[PDB]
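As a starting point, one isolated chain is supplied in structure tokens, in the form deposited in one PDB entry.
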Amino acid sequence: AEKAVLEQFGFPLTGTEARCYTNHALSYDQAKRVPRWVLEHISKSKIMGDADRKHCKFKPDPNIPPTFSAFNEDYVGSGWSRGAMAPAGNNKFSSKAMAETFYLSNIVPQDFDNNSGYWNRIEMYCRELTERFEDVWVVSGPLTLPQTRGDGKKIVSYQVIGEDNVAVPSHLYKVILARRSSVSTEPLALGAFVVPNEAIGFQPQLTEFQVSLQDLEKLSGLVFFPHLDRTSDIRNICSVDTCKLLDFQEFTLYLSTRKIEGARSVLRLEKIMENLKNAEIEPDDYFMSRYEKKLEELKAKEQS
């Protein structure tokens, strides 16, 4: 009964409850204006479809109280990019699902090079795993880790941007859980990775950012996949699989191929080819056919 008086006007609300969307769930951090964690499940069929990111717009999540919501004004001009945790490429199968990955509840301030480079390649590896595993679960989120000074003092220091003070993480994390098949008795494979929020080149391999699940849980203050039995056999994902990202040649050729569709003049399309030859990358048959037929499309445009 003495509890009733204490609770009479309600406990303070933290707003950390799980929020569910078409193909991802997340816990929001109202103080930092960023997601705490974002859970997604990707399959072979989900990463295919006609949904297009160019038909999507970054906008605040209408389900978040605006007093705790980030806004594009916080990001634009800040020097940081809007970094999706649940990637759009994992939701080509549903335009509603993809549109929800552009809510700012799924966004953190992310280094421009990191977002479009190393982190983009990690996201691609997660999708490649659907060709070798039937089911793949991914948890992603931000981190603010301490730095040891010359005097031994350990300090957490991070920037906040915009009038709403959106927190800029020092690192990003990713936890990958893969089940080979729904009928196989093969053990589950798991990996936890912590990457610094900055430009990471092609030399460092993914394993160099791998950490134990326990250490990440201690760094984040989270417990991932609680229903999972840790006594059971759980193999290291980087031992069952390669944990191998696209190299410079493969990554550059794919981007060059995709950027053919966005070429707006013959000169711009020709510069893509020039880039490949400077990189000593030979185009494949898929690139050339798209290149020549896009060239013909733009040539006809320059006649009118």
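Residue numbers here begin at 1 and follow the sequence given.
Two stretches are in play, 31 to 39 and 231 to 239, and the higher mean C-alpha B-factor belongs to 231 to 239.
Remark: stretch with higher mean C-alpha B factor among 144 to 152 and 200 to 208 is 144 to 152. The PDB entry gives the largest Cα B-factor of the residues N106, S78, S182, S170 to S182. Within the listed group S265, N278, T257, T67, the record reports its top CA B-factor for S265. In this PDB entry, the Cα temperature factor of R121 sits in the bottom third of its chain's modelled residues, the lowest group. Looking at the C-alpha B-factors along this chain, the one for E250 belongs to the lowest third. Sort the chain's modelled residues by C-alpha temperature factor and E128 lands in the lowest third, per the entry. Sort the chain's modelled residues by C-alpha temperature factor and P226 lands in the middle third, per the entry. In the deposited entry, the Cα temperature factor of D111 places it in the lowest third of its chain's modelled residues.
There is also a form deposited in another entry; it is not shown, and the following applies to it.
Each of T252, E128, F112, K59 except one sits more than 12 positions from any hinge; the exception, lying at the hinge between rigid parts between this form and the one not shown, is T252. Relative to this conformation, an increase of 3 Å or more in the Cα-Cα distance between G79 and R264 is found in that other deposited form.
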